[PDB]
Visitor: 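Below: one structure in structure tokens.
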Amino acid sequence: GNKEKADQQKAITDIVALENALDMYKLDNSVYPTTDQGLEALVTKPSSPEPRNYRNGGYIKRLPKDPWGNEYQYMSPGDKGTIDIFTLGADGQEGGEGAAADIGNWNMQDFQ
Ligand SMILES: [Ca+2]
């Protein structure tokens, strides 16, 4: 339970940080990065379509990986909201309970 708890807390903290970074990107550029541009758009200026007011040196120094060693997932346009930011949990797959549960910007509150 304890390590499970710590991992889920880290995931939540990471998603909040990423969402904050994404909001800063939109504040500067008027749009969010697309799915294809990805979270990598927060670290270096993306292409296709290239933003027109990109902050010198990006919006985050590096992308965190999730507690299970996997890259956070990102969709814009999202399925659960305007942008979806999530981890598929311990199992690296959709659905699951306990440490395998998916944690995203749309359901963080449940793990809180
Ligand atoms: Ca899962």
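These values consider heavy atoms only, across backbone and side chains, with no hydrogens, waters or symmetry-generated copies. Each residue takes its place number in the sequence, starting with 1.
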Visitor: Measuring from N20:CG to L42:CG, what's the distance to the nearest 0.5 Å?
Guide: 11.0 Å
Visitor: Side chains of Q8 and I103, heavy atoms from C-beta outward: is any pair under 4.5 Å?
Guide: yes
Visitor: With side chain to side chain contact (heavy atoms under 4.5 Å, CB included) as the test, would you mind laying out the steps for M108 and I15 before giving the verdict?
Guide: CA-CA 9 Å; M108 290 185 278; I15 291 164; 3.9 Å; yes
Visitor: Could you tell me whether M24 atom CE has more than 12 heavy atoms of other residues or ligands within 6.0 Å of it?
Guide: no
Visitor: Are the side chain of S76 and the backbone of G78 linked by a donor-acceptor contact shorter than 3.5 Å?
Guide: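 Not confirmed, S76 side chain does not pair with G78 backbone.
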Visitor: Do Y59 and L18 come within less than 4.5 Å of each other through their side chains, counting heavy atoms only?
Guide: no
Visitor: Please say yes or no: joined through hydrophobic side-chain contacts below 4.5 Å, possibly via intermediate residues, are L88 and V16 part of one cluster?
Guide: no
Visitor: How about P33 and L22: do any of their side-chain heavy atoms sit closer than 4.5 Å?
Guide: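 Answer yes - side chains close enough.
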Visitor: So which heavy atom on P64 is nearest to which on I60, and how close?
Guide: CD-CD1, 4.3 Å
Visitor: Is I83 reachable from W106 through a run of I, L, V, M, F, W or Y residues, each pair having side-chain heavy atoms under 4.5 Å apart?
Guide: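 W106 and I83: separate clusters.
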Visitor: Is it true that a side-chain atom of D84 and a backbone atom of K80 form a donor plus acceptor pair closer than 3.5 Å?
Guide: yes
Visitor: Does one hydrophobic cluster hold both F111 and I85, with members joined at side-chain heavy-atom distances below 4.5 Å?
Guide: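 Yes, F111 and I85 fall within the same hydrophobic cluster.
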Visitor: Given 3.5 Å as the limit, does a donor-acceptor pair link the side chain of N107 with the main chain of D102, or not?
Guide: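 Present.
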Visitor: For residues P49 and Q37, determine if any side-chain heavy atom of one lies less than 4.5 Å from a side-chain heavy atom of the other.
Guide: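 SC-SC contact between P49 and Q37 confirmed.
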Visitor: Which heavy atom of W68 sits nearest to which heavy atom of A99, and what is that distance?
Guide: CZ2-O, 3.6 Å
Visitor: Show me the pairs that pass salt bridge (charged side-chain N to carboxylate O under 4.0 Å, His left out) and involve residues 13-42, at least two apart or across chains.
Guide: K10-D14, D28-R55
Visitor: Within a strict 4.5 Å, meaning less than it, do heavy atoms of the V43 and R62 side chains meet?
Guide: no
Visitor: Looking at every non-hydrogen atom in both residues, tell me the closest pair between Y25 and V31 and how far apart they are.
Guide: CD2-O, 3.2 Å
Visitor: Inspect the surroundings of CD in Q93 and state if more than 12 heavy atoms from other residues, nucleotides or ligands are less than 6.0 Å away.
Guide: no
Visitor: Quick one: ring pair (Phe, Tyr, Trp, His ring centres under 6.0 Å) partners of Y72, sequence neighbours excluded?
Guide: none
Visitor: Got a sec, which residues hit ring pair (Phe, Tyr, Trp, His ring centres under 6.0 Å) with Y74, two or more places apart in sequence or on another chain?
Guide: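 For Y74, no residue satisfies ring pair (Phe, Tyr, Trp, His ring centres under 6.0 Å) once neighbours in sequence are set aside.
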Visitor: Does some side-chain heavy atom of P51 sit less than 4.5 Å from a side-chain heavy atom of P46?
Guide: yes
Visitor: Does CD in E97 sit with more than 12 non-hydrogen atoms of other residues, nucleotides or ligands closer than 6.0 Å?
Guide: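 Atom CD in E97 is not crowded, with 12 or fewer foreign heavy atoms closer than 6.0 Å.
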Visitor: Which distance, rounded to the nearest 0.5 Å, do you find between the CG of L63 and the CD of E71?
Guide: 8.0 Å
Visitor: Any donor-acceptor pair under 3.5 Å linking the side chain of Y54 with the backbone of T44?
Guide: yes
Visitor: Between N29 and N53, is there a donor-acceptor pair closer than 3.5 Å when you use the side chain of the first and the backbone of the second?
Guide: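 It does hold such a pair.
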